[PDB]
Structure formats: structure tokens, C-alpha cells
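Coming up is one lone chain in C-alpha cells, specifically the form deposited in one PDB entry.
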């Protein structure tokens, strides 16, 4: 695989808005994120669409592609970070400079809609990209949860590439929809004990592939969708979806013979899942769709829209030990 250089404190991070114009619509949270990373010692370069709006998006398809490409061309940038997701990053894919990415690999990181770019770039270049923090939703989060997010971010991206890395388990988490873009908090978010579950036995090791499942529908079938291969671990997360939508997306995977290929499935915690009064969780829906197929599942991995968020390299081998209830990165993911 193509590997980027590791991050270091003091490096320059460039940010881009490939979809929603949240540097404008969530300006307070944006400024909190900027200040948070600057206090950590990072220099920040603002993408050319920062502070711009085109109603539902930051700019035209071509302008958004240019914003991203210009960060790739900047030799001072070691990390290219999404500001926020949305709906529209898949539009950029024909216009990204994949050759420039190959020529100067960098850490590319984000989540949700940005999945289209993370997966598309991997498909075209083999670059190991990262499902992880976006500037506004992740680093604009108030303490204490932002600190746990940052701890994972900095650990994953700066650690020495020797031996496996076993993920820490966040003690508490939240998906409560408060303290988004307000300047001062009235109360901290409701905290829940970590209820992640390991369904299966033994150890499973394989290349992790996926991201935001709803977003994957925007690139599915194309040359930008990385091929899922025998032995892959499928990582999928979604946010604020109805149980109806979740069934549809799981069945899509089934129809595509994905469940005949994968060695395990990681379900990210589903932010504010709407069960339609059924009291069913996504895992139960998956179980019905699987129709007897014995695939081990890590249900509730903290790499999703919930806080805090862990950083996950995509396209490298992970080992899930279902007996010891842990998950590790086992393949080198930075140079």
C-alpha cells in the first residue's frame, strides 16, 4: 500500500469543505475546532472555500475539487482534514488529482460523506486514508469528549510503526444532540457507559474496508468503489437513520454478495438511531438480513458520528479478538 508520512506536533494541517458549508453555518463550532488544534501546536491552512456558501454546498463541483487539489499541491501540508461532511463529496471524484496524491502522499482524514473521497482515493491510488476526526464536528466538540477524540487522533498518527496497535475503549460516550453551534453550554452531554459487544469467537484478521454505508451508495458500482475481497473486514457506520433505511442498506450489501466475502463486520455506534418504536437495534436487523450466515460482528465501535471518535486507517489489516474483546491494527499504515 501507499503510505503517508506520520504526523508530528507542529505540522501544518490543511482543511477543505467538500460538501456542506459549515465554516459559515457552524462558525462558532468551526472557530472552537481551529483554536483547539492551534493550541495543540498545529499550523492550519484554510482551504479556498472557507467562509463561502452556495446554499447547500461550499461551491461548484469543480471549485470543491480544486480546493482539495490545492491542499495536495502544498508542500508544507502533512495532513488534509475535512471540515465536515454533508452529501456531495462523490461529485468531486472525476476531478481529483490522483497522480498528485501518488506523487506526494499525505494523511487524508474525515468521515461521513467524506467516505466517498477516502474510498475513491484508496481505489485510485492505494493510499491508506483515515476514517476519523473532521475539524468542525470532531474538534469543535466541547471537553471532556473532544480530549478522548484527540488522544486517539494523535496516538494513531504519531506512534512508531512497530508492533500491533490495540485500541483503547472509551469509558463513556454520547450521541445527544446538544451544544452544537451555541457559544456557551447550559449543561454537559448525557454520558452512557460503553455498550459495545463482540458477537463471535476466536480471532479474525483481515483488511478493513468501508466507512459511512449510506455514503457508499454514491460511489457503488463505479471505479471509485474499492473492490471488497475475500477475507476483508467490513467497517460500516451510519447516523440518524431510520430502521427502514438501515434494512435497505444491509440488504443492498447482501444482494451484492458482500456477506459471502467478509470475515467480520464492524458496526460503528449509530448516532440517534430511529427504531420506529420496534426497540430493535441495527445488529438485530443485520441478523435477519444475514439469514443464518455466521459472521462475527463487533457491534458499537467508537468510530462514527458519536463522541468520542477513534481514528481508523482504511485498507490495512486489523485483528479483532472476539474472545479477549479487543481490536488491533496489525499492518503498517504510515511510512
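Positions refer to the first chain, counted from 1.
The same protein also exists as the form deposited with a small molecule bound; that form is not shown, yet it is the one meant from here on.
Using a 4.5 Å heavy atom cut-off, which stretch among 147-155, 193-201, 111-119, 256-264 contacts the small molecule in the entry with it bound? Going by heavy atoms within 4.5 Å, the stretch is 111-119.
Checking a candidate spot here: are 69, 99 and 124 all in contact with the small molecule in the entry with it bound (at least one heavy atom each within 4.5 Å)? No: no residue has a heavy atom within 4.5 Å of the partner.
Could you check which residue among 180, 95, 73, 220 gets a heavy atom within 4.5 Å of the small molecule in the entry with it bound? Contact with the small molecule in the entry with it bound is made by 180 alone.
Contact label in the entry with it bound: residue 129 to the small molecule, heavy atom within 4.5 Å: Heavy-atom contact with the small molecule at 4.5 Å: absent for residue 129.
Is residue 240 a contact residue for the small molecule in the entry with it bound, using a 4.5 Å heavy atom cut-off? The answer is yes: residue 240 has a heavy atom within 4.5 Å of the small molecule.
Does the small molecule get within 4.5 angstroms of any non-hydrogen atom of residue 105 in the entry with it bound? Answer no; every heavy atom of residue 105 is more than 4.5 Å from the small molecule in the entry with it bound.
Is residue 170 one of the residues lying within 4.5 Å of the small molecule in the entry with it bound, judged by heavy atom distances? Outside the cut-off, so no.
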